[PDB]
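Here is the structure we will look at.
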Amino acid sequence: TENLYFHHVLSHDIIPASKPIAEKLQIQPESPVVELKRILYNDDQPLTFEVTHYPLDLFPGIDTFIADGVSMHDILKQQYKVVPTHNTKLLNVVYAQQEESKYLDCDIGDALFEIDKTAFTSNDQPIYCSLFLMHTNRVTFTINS
Amino acid sequence: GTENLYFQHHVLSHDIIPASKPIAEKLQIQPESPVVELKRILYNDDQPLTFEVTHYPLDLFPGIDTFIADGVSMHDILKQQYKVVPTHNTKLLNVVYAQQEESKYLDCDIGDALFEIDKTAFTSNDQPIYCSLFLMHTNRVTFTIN
Numbered sequence: 084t085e086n087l088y089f101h102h103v104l105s106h107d108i109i110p111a112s113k114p115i116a117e118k119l120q121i122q123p124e125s126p127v128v129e130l131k132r133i134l135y136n137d138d139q140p141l142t143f144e145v146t147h148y149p150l151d152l153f154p155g156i157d158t159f160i161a162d163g164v165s166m167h168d169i170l171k172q173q174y175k176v177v178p179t180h181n182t183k184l185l186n187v188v189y190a191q192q193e194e195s196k197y198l199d200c201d202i203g204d205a206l207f208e209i210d211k212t213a214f215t216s217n218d219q220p221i222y223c224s225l226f227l228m229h230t231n232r233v234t235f236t237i238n239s
Numbered sequence: 083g084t085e086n087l088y089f090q101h102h103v104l105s106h107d108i109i110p111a112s113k114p115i116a117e118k119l120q121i122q123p124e125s126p127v128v129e130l131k132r133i134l135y136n137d138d139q140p141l142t143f144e145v146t147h148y149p150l151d152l153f154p155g156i157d158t159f160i161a162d163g164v165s166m167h168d169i170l171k172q173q174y175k176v177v178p179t180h181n182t183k184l185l186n187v188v189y190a191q192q193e194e195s196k197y198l199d200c201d202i203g204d205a206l207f208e209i210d211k212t213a214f215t216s217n218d219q220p221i222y223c224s225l226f227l228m229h230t231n232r233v234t235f236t237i238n
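Sequence lines, in order, name chains B and A.
Here the first sequence stands for residues 84 to 89, 101 to 239, where the numbers follow the entry's author numbering.
Here the second sequence stands for residues 83 to 90, 101 to 238, where the numbers follow the entry's author numbering.
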């Protein structure tokens with residue numbers, strides 16, 4: 084019972111794209127991507143642990159803009175003239191590993207909602223992908239059809 | 083994923109019962125109003141995929157229990173018998189934990205994590221018409237929102 088509809103920067107490293115990342119972003123195997131990890135709190139309780147990847151070949155230098163309090167949507171718009179037009183989201187449950195348990199302050203093995211989101215711009219071009227993890231005791235999702 | 087429920101059939105039972113507090117609150121009817129409690133299972137193959145419990149207020153849909161049978165589209169009954177079509181719905185998604193009844197119908201263990209989708213359907217004038225709780229084992233489904 085706290086409703087998500089349907101910011102601390104931990105790290106950002108430039109890494110080669112894994113198979114599933116390269117597949118979602120429609121880019122070459124091992125392409126350079128920025129791996130941005132952020133924790134969203136509400137309140138001093140960790141609410142969402144976010145890992146987003148930006149293809150450096152589309153947004154060259156995008157890592158350099160990253161910092162606490164920075165709106166990446168504003169960076170995309172102001173710096174690269176890109177605004178997302180739609181997104182595709184999948185929702186599953188996955189199970190916390192060492193990293194998630196640290197940042198979400200939970201136990202290894204705890205059930206987490208995983209939202210796997212791919213954002214797109216004009217002509218169905220993927221621009222970034224995000225995986226948001228939330229402890230299942232801490233959130234309810236609202237969907238208004 | 084697994085099996086894919088996009089966001090945005102055997103009849104187990106139907107009984108006429110008094111509305112609970114939460115059901116009467118959702119349906120905006122008097123406490124203990126008569127409701128039809130329709131329980132159904134939807135199967136993937138032989139695998140139980142959704143255990144549905146839906147409540148229809150008998151005061152809005154008098155005699156609606158008499159239309160209930162395997163294979164019946166309740167949306168069809170509402171439309172032809174009552175001239176009602178839903179115009180929108182609210183849905184909440186949570187995780188809950190199987191008790192004896194769910195464990196039987198969903199063929200899982202007591203205590204297993206289930207997704208619960210809590211749905212209220214509405215017609216013209218924002219009038220609630222029925223409410224549903226769908227339970228699905230967490231290993232067996234992925235939801236898509238696009």
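The beta carbon of each residue, even a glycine, is placed where N, CA and C say it ideally should be.
Straight-line gap, residue i to residue j (C-alpha atoms, nearest Å)
| i | j | result |
| --- | --- | --- |
| residue 117(A) | residue 203(B) | 36 Å |
| residue 235(A) | residue 184(A) | 13 Å |
| residue 228(A) | residue 165(B) | 36 Å |
| residue 110(A) | residue 148(A) | 11 Å |
| residue 132(A) | residue 155(B) | 55 Å |
| residue 209(B) | residue 101(A) | 29 Å |
| residue 169(B) | residue 152(B) | 13 Å |
| residue 140(A) | residue 128(A) | 23 Å |
| residue 232(B) | residue 84(B) | 6 Å |
| residue 230(B) | residue 206(B) | 5 Å |
| residue 237(B) | residue 226(A) | 14 Å |
| residue 177(B) | residue 143(A) | 41 Å |
| residue 172(A) | residue 217(A) | 20 Å |
| residue 192(B) | residue 174(A) | 55 Å |
| residue 190(B) | residue 108(A) | 43 Å |
| residue 194(A) | residue 145(A) | 11 Å |
| residue 138(B) | residue 188(A) | 25 Å |
| residue 157(A) | residue 114(A) | 21 Å |
| residue 186(B) | residue 135(A) | 20 Å |
| residue 167(B) | residue 239(B) | 26 Å |
heavy atom of the ligand FAD below 7 Å from residue i C-beta
| i | result |
| --- | --- |
| residue 227(A) | This structure simply doesn't include the ligand FAD, nor any ligand for that matter. |
CB contact check: residue i to chain B, cutoff 8 Å
| i | result |
| --- | --- |
| residue 156(A) | no |
| residue 177(A) | no |
| residue 183(A) | yes |
| residue 83(A) | yes |
| residue 205(A) | yes |
| residue 186(A) | yes |
| residue 230(A) | yes |
| residue 238(A) | yes |
| residue 180(A) | yes |
Cβ neighbours of residue i in the same chain (closer than 6 Å, five flanking residues each side left out)
| i | result |
| --- | --- |
| residue 90(B) | The model contains no atoms for residue 90(B), which sits in the stretch where chain B goes from 89 to 101 directly. |
| residue 180(A) | 214 |
| residue 122(B) | none |
| residue 89(B) | 235 and 237 |
Contact with chain A by residue i, beta-carbon distance below 8 Å
| i | result |
| --- | --- |
| residue 142(B) | no |
| residue 128(B) | no |
| residue 100(B) | Note on chain B: consecutive modelled numbers read 89 then 101, so residue 100(B) has no coordinates in the structure shown. |
| residue 89(B) | yes |
Own chain residues within Cβ distance below 8 Å of residue i, not counting five before or after
| i | result |
| --- | --- |
| residue 104(B) | 131, 132, 133 and 197 |
| residue 125(A) | 110, 111, 116, 119, 149, 150 and 151 |
| residue 86(B) | 233, 234, 235 and 236 |
| residue 106(B) | 128, 129, 130, 131, 157 and 160 |
**OP:** Scan the segment 135-190 of chain B and note each continuous alpha helix (DSSP H) run of 4 residues or more that stays entirely inside, going in chain order.
**Re:** 166-174
Original post:
At a cut of 8 Å, does the segment 195-205 of chain B reach the segment 159-173 of chain B through at least three beta carbon pairs?
Top reply: no
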